[PDB]
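Below is one structure; the comments refer to it alone.
There are 2 protein chains.
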Amino acid sequence: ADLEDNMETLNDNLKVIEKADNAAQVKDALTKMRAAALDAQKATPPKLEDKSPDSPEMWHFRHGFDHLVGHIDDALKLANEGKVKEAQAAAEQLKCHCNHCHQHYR
Amino acid sequence: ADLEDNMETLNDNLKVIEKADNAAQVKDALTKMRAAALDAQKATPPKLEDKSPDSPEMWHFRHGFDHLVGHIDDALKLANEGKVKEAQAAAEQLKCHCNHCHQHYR
Ligand code: HEC
Ligand code: HEC
Ligand SMILES: [Co+2]
Ligand SMILES: [Co+2]
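Residue numbers (the deposited numbering), protein chains in the order written: chain A, 1 to 106; chain B, 1 to 106.
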C-alpha cells in the first residue's frame, strides 16, 4: 500500500465505525485503521523530501501520525471493553487529527 | 488566575471569534486566548493531581498548550496580514485542540 491507499483505508473505516453498532465491528475497523496509519507513519512525503528528518516540519508531520496511532489505540481499548458508543465517539474525534495534518501539508 | 479562569477565558473568546461583530474583535480574542493558554500550561489539572510533573500525562498536557499556541499564532498572523476571514476560519479549527485535551484530562 502507498500513501493514497493508506488514506483511503482510514477514510472508509471511519464510516464503517459510524455505521456499526457492535464492539466486534468497531474493533475490526479500528484495527484496519491502525495498520494503515502505521504503514504511512514513517515515509517522508513528497512536499518535505528536501527538509531534514529532524526539521520542525518533518517532526510535526511524524508526530501527526504517532498521535493518530495513539488515539486509535485508545479507541481500540474502549472497543475491547465492549464500550461500543464510547469507542464510536473516540473514532469520530479522530477527524481532528486528519484535518490538522491535511491543513499543515496542503 | 487559575485553570478554571483560564478555561473560561478560552471559552468566552473562542465564541467571540465565532460571533465577532467586527473584524478587529477577532485579533483581540486570539490575543487573550494565547495568554490564557500559556497560563493554563503552568497548572496541574485535578485529574492529574497524583501524577509526577514528568509523567507522560503532564507532558502531553503541557504540550497541548504549546501546540494550541502555535495555531493561535498562525491565526494571529493571518489577522495581522488583514486576512481576517481566513483568521476566523482558522480559529474555528482551534476547537479540535480543546476537544483533544479534554478527552484526556477534563
Ligand atoms: C499527516 C500526519 C496526515 C494524517 C494524520 C492524515 N493524513 Fe490523510 N493525507 C495526508 C497526505 C500527505 C495526503 C496526500 C496529499 C494530499 O493532500 O492529498 C493525504 C491524503 C488523504 C486523502 C486523499 C485526498 C483527500 O480526499 O483528502 C484522504 C481521503 C485522506 N488523506 C484521509 C485521511 C483521514 C480520514 C485521516 C484521519 C483518520 C487522515 N487522512 C490522516 C496526510 C495525513
Ligand atoms: C489541555 C492541553 C487543554 C486545552 C488545550 C484546553 N483545555 Fe479546557 N480544560 C482542560 C482541563 C484539564 C480542564 C478541567 C479543569 C478543571 O479544573 O476541572 C478544562 C476545562 C475546561 C472548561 C470547564 C472549566 C470549568 O470551570 O470547569 C472549559 C469551559 C474549557 N476547558 C474550555 C476550553 C476551550 C474552549 C478550549 C479551546 C480553545 C480549551 N478549553 C483548551 C484542559 C485543556
Ligand atoms: Co492525545
Ligand atoms: Co499543528
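Here a beta-carbon is modelled for each residue, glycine too, at the ideal position from N, C-alpha and C.
My understanding is that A36/A touches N80/A, with C-beta atoms under 8 Å, so please give their C-beta distance in whole angstroms.
Against the first sequence, residue 36/A aligns to sequence position 36. Against the first sequence, residue 80/A aligns to sequence position 80. The beta-carbon separation of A36/A and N80/A, rounded to 19 Å, does not stay under the 8 Å limit for a contact.
DSSP state of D54/B mapped onto helix, strand, coil
Along the second sequence, read from residue 1 onward, the residue named residue 54/B stands at position 54. Residue state, collapsed to three classes: coil.
From the beta carbon of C98/B, is the nearest beta carbon of chain A less than 7 Å away?
Along the second sequence, read from residue 1 onward, the residue named residue 98/B stands at position 98. With 7 Å as the cut-off, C98/B does not count as an interface residue toward chain A.
How many angstroms separate the CA atom of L78/A from the CA atom of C98/B?
As a working mapping, residue 78/A is identified with position 78 in the first sequence. As a working mapping, residue 98/B is identified with position 98 in the second sequence. The alpha-carbon atoms of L78/A and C98/B are separated by roughly 21 Å.
Less than 7 Å between the beta carbons of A29/A and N11/A, yes or no?
Here residue 29/A refers to the residue found at position 29 when the first sequence is read from its first residue. Here residue 11/A refers to the residue found at position 11 when the first sequence is read from its first residue. Not a contact, by the Cβ cut-off of 7 Å.
Could you say if the segment 63-79 of chain A and the segment 69-76 of chain B meet the contact criterion of at least three C-beta pairs nearer than 8 Å?
The segment 63-79 of chain A is not in contact with the segment 69-76 of chain B.
Do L48/B and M58/B have their CB atoms nearer than 7 Å?
The residue labelled residue 48/B in the question sits at position 48 within the second sequence. The residue labelled residue 58/B in the question sits at position 58 within the second sequence. Yes. Within cutoff.
Assigned exposure category for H102/A - 16 Cβ within 10 Å defines buried
By one-based count along the first sequence, residue 102/A stands at place 102. The residue is exposed, with fewer than 16 neighbouring Cβ atoms inside 10 Å.
On the criterion of 16 or more Cβ atoms from any shown chain inside 10 Å, does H104/A qualify as buried, or is it exposed?
On the first sequence, position 104 is the one that residue 104/A refers to. Looking at its Cβ environment, which holds fewer than 16 other Cβ atoms inside 10 Å, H104/A is exposed.
Neighbourhood of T44/A by C-beta distance below 6 Å, restricted to the same chain and skipping five residues each side:
Your numbering for residue 44/A matches position 44 in the first sequence. There are no such residues.
Within the present structure, is the beta-carbon of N6/A separated from the nearest heavy atom of ligand 1 by less than 6 Å?
Numbered from its first residue, the first sequence carries residue 6/A at position 6. Checking every heavy atom of ligand 1 against the Cβ of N6/A, none is found closer than 6 Å.
Straight-line Cα distance separating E92/A from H100/B
Here residue 100/B refers to the residue found at position 100 of the second sequence. Here residue 92/A refers to the residue found at position 92 of the first sequence. So the alpha carbons of these two residues sit roughly 12 Å apart.
How would you label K27/A, buried or exposed, when you count the other beta carbons within 10 angstroms and need 16 or more for buried?
The count along the first sequence starts at 1 and reaches residue 27/A at position 27. Looking at its Cβ environment, which holds 16 or more other Cβ atoms inside 10 Å, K27/A is buried.
In its own chain, which residues sit with a C-beta less than 8 Å from the C-beta of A20/A, not counting the 5 before and 5 after it?
As a first step, residue 20/A is located in the first sequence; it is residue number 20 there, counting from the start. Answer for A20/A: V26, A29, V84, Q88, listed in chain order.
6 Å Cβ shell around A40/A - same chain, five flanking residues per side excluded:
Numbered from 1 along the first sequence, position 40 holds the residue referred to as residue 40/A. A distance below 6 Å between beta-carbons, with the five flanking residues on each side excluded, links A40/A to the following residues of its chain, in chain order: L3, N6.
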